[PDB]
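Working notes for the structure below.
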2 protein chains.
Amino acid sequence: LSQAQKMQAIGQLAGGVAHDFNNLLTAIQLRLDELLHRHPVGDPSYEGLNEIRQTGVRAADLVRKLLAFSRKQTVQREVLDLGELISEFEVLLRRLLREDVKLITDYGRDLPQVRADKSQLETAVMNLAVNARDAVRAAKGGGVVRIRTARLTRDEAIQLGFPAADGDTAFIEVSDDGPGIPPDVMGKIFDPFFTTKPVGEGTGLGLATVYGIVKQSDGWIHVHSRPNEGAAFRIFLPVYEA
Amino acid sequence: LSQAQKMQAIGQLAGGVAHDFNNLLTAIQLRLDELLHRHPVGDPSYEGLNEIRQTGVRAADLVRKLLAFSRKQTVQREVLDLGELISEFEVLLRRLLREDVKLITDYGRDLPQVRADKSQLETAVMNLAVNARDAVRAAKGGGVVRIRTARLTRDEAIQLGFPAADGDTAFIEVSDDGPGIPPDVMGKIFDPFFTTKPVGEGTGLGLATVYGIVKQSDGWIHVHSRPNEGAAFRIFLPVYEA
Ligand SMILES: Nc1ncnc2c1ncn2[C@@H]1O[C@H](COP(=O)(O)OP(=O)(O)O)[C@@H](O)[C@H]1O
Ligand SMILES: Nc1ncnc2c1ncn2[C@@H]1O[C@H](COP(=O)(O)OP(=O)(O)O)[C@@H](O)[C@H]1O
Ligand SMILES: [Mg+2]
Ligand SMILES: [Mg+2]
């Protein structure tokens with residue numbers, strides 16, 4: 001879980017980099033094949049652009065083959081009671097908060113069955129919690145983290161965050177009383193290695209891990225957060241039956 | 001060991017790619033800053049080269065931060081008896097050969113103490129063995145893998161393979177009766193993801209793993225092999241005392 005779950009993080013970062021990287025790479029390929037058309041065989045600039053083109057084909061290939069390997073990781077999708085899951089999380093959740101941070105937990109009606117890798121959801125939810133914990137250091141006394149497990153019908157899902165709800169849906173939400181996330185950053189936030197926290201503190205690994213896990217679990221994740229009025233990360237998973 | 005040692009491989013590939021990649025990247029940077037000097041602000045080609053330059057600064061950074069994370073892995077350097085190590089390896093070595101492949105094992109005099117991660121050397125030696133096993137499928141009946149644990153004085157080391165021997169030195173060697181490795185390829189052989197074996201079979205992971213482990217262990221690795229007269233991979237580690 002610090003060894004087996006570092007292996008896990010590598011999976012989810014490798015998957016996200018692969019996405020960012022390949023988009024960048026396309027930008028580069030477009031531009032370079034454009035320059036090659038401008039400055040072909042005869043031009044002094046052709047050799048330099050070609051050498052770059054072919055040396056880039058090589059550097060990209062290594063990266064592609066590494067990322068692809070660096071994912072190839074294993075998951076046990078269990079049927080899990082959603083409530084029973086969070087009740088056992090409560091203990092670590094209590095462990096890492098303490099100090100001041102008031103914690104309030106809120107279990108809804110008719111709490112659904114959900115298909116997922118248990119150890120993954122643990123991490124997902126812990127990453128969110130730790131995030132919420134650092135987001136309220138400033139209030140000392142104010143800080144107030146709130147996690148809200150619940151059911152949701154297709155309609156209740158859409159307004160809460162998830163546009164593409166087929167039918168019923170399971171819902172987790174780690175809220176907080178922090179400063180919130182400015183619009184400037186809200187887009188870049190699950191980006192691998194993105195952080196506002198300084199060099200030695202921040203890594204930018206956490207939410208890429210979360211994003212990957214949610215996506216990995218047939219799931220949608222969505223945030224609403226205003227400036228000054230605290231963050232709130234919400235996870236949506238499909239309900240299970242058989 | 002299939003989970004904990006996939007994590008291990010990621011370490012050693014990430015470390016090797018990092019090396020190859022950074023060399024490629026330099027080639028590209030040289031050429032691109034040259035083109036920017038040729039075609040500056042005013043030139044139509046300046047925008048395309050700059051856009052490429054800055055989008056490349058971004059794609060490289062992700063890769064750098066991933067590789068650097070993707071290594072950060074853990075090792076227990078034990079003092080290990082060199083002979084006692086290989087005797088327990090004999091069992092897996094016997095496991096994976098069988099069929100035809102004649103095996104001969106050869107334990108030298110005064111068999112030294114060596115400082116290393118046990119599970120790593122297991123893998124290193126298994127990767128070599130599996131390699132030797134596939135390298136003699138063609139003789140059916142001929143194939144003959146030979147592993148040769150032994151001591152070596154500084155001089156005996158130099159002629160066997162290792163130029164930079166301080167003093168005494170521990171020596172492992174997995175030889176075979178295969179076709180050998182042509183000069184064309186001998187350079188590219190520990191390169192991450194390099195293989196001659198076709199797409200579905202080969203991965204090119206094995207010897208990058210080995211190279212990394214040897215280097216990881218204050219160690220030198222060297223091969224002599226002629227065309228037609230079978231491969232022979234040799235590992236040199238420093239002897240231990242305290
Ligand atoms: N609950 C929150 N409140 C305010 N800002 C947040 C919260 N969670 C995440 N962020 C912002 O999003 C960034 C990305 O999160 P993460 O991937 O965990 O980075 P880090 O690991 O450095 O915190 C953080 O660096 C932070 O700037
Ligand atoms: N004992 C050997 N005899 C002949 N060729 C070898 C031997 N060991 C390695 N090679 C060559 O070196 C390449 C690299 O080895 P490795 O990294 O294990 O690649 P792979 O995993 O595909 O075998 C092999 O693909 C093969 O072409
Ligand atoms: Mg975090
Ligand atoms: Mg191999």
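Chain labels run A, B, ... following the order of the structure tokens; each chain numbers its residues from 1, and ligands are numbered from 1 in the order shown.
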May I have the residues of chain B within 7 Å of chain A, counting only C-alpha atoms, written as a ChimeraX atom specification? /B:7,10,17,21,24,28,31,35,45,48,52,55,59,62,70
Using only C-alpha atoms and all ligand atoms, which residues have at least one atom no more than 7 Å from ligand 1? Output them as a PyMOL selection string. chain A and resi 127-128+131-132+135+176+178-181+189-190+193-197+201-208+230-232
Output file for the residues above (N, CA and C atoms, as a JSON list (two decimals), in the first residue's frame):
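Once written, out_0.json looks like this:
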[["chain", "number", "residue", "atom", "x", "y", "z"],
["A", 127, "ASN", "N", -6.45, 10.59, -1.32],
["A", 127, "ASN", "CA", -5.88, 11.72, -2.08],
["A", 127, "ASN", "C", -6.75, 12.97, -2.01],
["A", 128, "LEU", "N", -8.06, 12.80, -2.17],
["A", 128, "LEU", "CA", -9.00, 13.90, -2.01],
["A", 128, "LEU", "C", -8.98, 14.50, -0.60],
["A", 131, "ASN", "N", -5.79, 16.37, 0.20],
["A", 131, "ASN", "CA", -5.99, 17.65, -0.49],
["A", 131, "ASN", "C", -6.85, 18.65, 0.28],
["A", 132, "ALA", "N", -8.02, 18.19, 0.69],
["A", 132, "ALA", "CA", -8.90, 18.96, 1.57],
["A", 132, "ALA", "C", -8.23, 19.39, 2.88],
["A", 135, "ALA", "N", -5.82, 22.25, 2.12],
["A", 135, "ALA", "CA", -6.62, 23.39, 1.68],
["A", 135, "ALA", "C", -7.25, 24.16, 2.82],
["A", 176, "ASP", "N", -14.83, 20.86, 1.34],
["A", 176, "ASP", "CA", -14.02, 21.55, 2.34],
["A", 176, "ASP", "C", -14.32, 23.04, 2.40],
["A", 178, "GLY", "N", -11.95, 25.43, 2.42],
["A", 178, "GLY", "CA", -10.73, 26.11, 1.98],
["A", 178, "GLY", "C", -10.93, 27.39, 1.18],
["A", 179, "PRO", "N", -9.85, 27.87, 0.54],
["A", 179, "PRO", "CA", -9.96, 29.09, -0.27],
["A", 179, "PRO", "C", -10.64, 28.84, -1.62],
["A", 180, "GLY", "N", -10.73, 27.56, -2.02],
["A", 180, "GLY", "CA", -11.25, 27.18, -3.33],
["A", 180, "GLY", "C", -10.18, 27.31, -4.40],
["A", 181, "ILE", "N", -10.60, 26.99, -5.62],
["A", 181, "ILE", "CA", -9.72, 26.80, -6.76],
["A", 181, "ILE", "C", -10.11, 27.90, -7.76],
["A", 189, "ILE", "N", -5.97, 20.89, -13.48],
["A", 189, "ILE", "CA", -5.84, 20.49, -12.08],
["A", 189, "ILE", "C", -5.54, 18.99, -11.92],
["A", 190, "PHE", "N", -6.09, 18.19, -12.82],
["A", 190, "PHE", "CA", -5.80, 16.75, -12.90],
["A", 190, "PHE", "C", -4.62, 16.48, -13.83],
["A", 193, "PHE", "N", 1.46, 16.09, -12.62],
["A", 193, "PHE", "CA", 2.50, 16.93, -12.06],
["A", 193, "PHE", "C", 2.15, 18.40, -11.96],
["A", 194, "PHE", "N", 0.86, 18.74, -11.98],
["A", 194, "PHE", "CA", 0.48, 20.13, -11.85],
["A", 194, "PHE", "C", 0.25, 20.42, -10.38],
["A", 195, "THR", "N", 0.93, 21.45, -9.87],
["A", 195, "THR", "CA", 0.69, 21.94, -8.54],
["A", 195, "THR", "C", 1.01, 23.42, -8.37],
["A", 196, "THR", "N", 0.33, 24.02, -7.39],
["A", 196, "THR", "CA", 0.57, 25.37, -6.90],
["A", 196, "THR", "C", 1.51, 25.38, -5.67],
["A", 197, "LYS", "N", 1.58, 24.23, -4.99],
["A", 197, "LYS", "CA", 2.41, 24.04, -3.79],
["A", 197, "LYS", "C", 3.91, 23.94, -4.17],
["A", 201, "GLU", "N", 7.36, 20.65, -1.38],
["A", 201, "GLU", "CA", 6.07, 20.18, -0.87],
["A", 201, "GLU", "C", 5.31, 19.41, -1.94],
["A", 202, "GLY", "N", 4.87, 20.14, -2.96],
["A", 202, "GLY", "CA", 3.93, 19.61, -3.96],
["A", 202, "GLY", "C", 4.59, 18.70, -4.98],
["A", 203, "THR", "N", 3.82, 17.73, -5.46],
["A", 203, "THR", "CA", 4.27, 16.82, -6.53],
["A", 203, "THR", "C", 3.37, 16.87, -7.77],
["A", 204, "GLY", "N", 2.07, 17.14, -7.57],
["A", 204, "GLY", "CA", 1.08, 17.14, -8.63],
["A", 204, "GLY", "C", 0.60, 15.76, -9.04],
["A", 205, "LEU", "N", 0.88, 14.76, -8.20],
["A", 205, "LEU", "CA", 0.53, 13.38, -8.48],
["A", 205, "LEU", "C", -0.90, 13.06, -8.08],
["A", 206, "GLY", "N", -1.40, 13.64, -7.00],
["A", 206, "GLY", "CA", -2.65, 13.19, -6.38],
["A", 206, "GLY", "C", -3.89, 13.10, -7.24],
["A", 207, "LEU", "N", -4.19, 14.18, -7.95],
["A", 207, "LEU", "CA", -5.45, 14.29, -8.71],
["A", 207, "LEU", "C", -5.38, 13.64, -10.07],
["A", 208, "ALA", "N", -4.19, 13.58, -10.64],
["A", 208, "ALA", "CA", -4.00, 12.71, -11.78],
["A", 208, "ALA", "C", -4.34, 11.26, -11.40],
["A", 230, "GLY", "N", -14.29, 27.54, -0.66],
["A", 230, "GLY", "CA", -13.91, 26.13, -0.51],
["A", 230, "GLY", "C", -14.17, 25.18, -1.66],
["A", 231, "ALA", "N", -13.27, 24.22, -1.84],
["A", 231, "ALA", "CA", -13.39, 23.23, -2.91],
["A", 231, "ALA", "C", -14.42, 22.13, -2.61],
["A", 232, "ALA", "N", -14.86, 21.39, -3.64],
["A", 232, "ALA", "CA", -15.72, 20.21, -3.46],
["A", 232, "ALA", "C", -15.65, 19.22, -4.63]]
Residue with the minimum atom-to-atom distance to ligand 3, picked from A:225, A:173, A:217, A:126 with only C-alpha atoms and all ligand atoms counted, is A:126
Those in region 28-91 of chain B with strand (DSSP E or B) from DSSP, as a list in words: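 Secondary structure check on region 28-91 of chain B, strand (DSSP E or B): residues 77, 78, 79, 80 and 81 of chain B.
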Which value, in Å to one decimal, gives the distance between CA of residue 98 (chain B) and CA of residue 116 (chain B)?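 For CA of residue 98 (chain B) relative to CA of residue 116 (chain B), the distance reads 28.6 Å.
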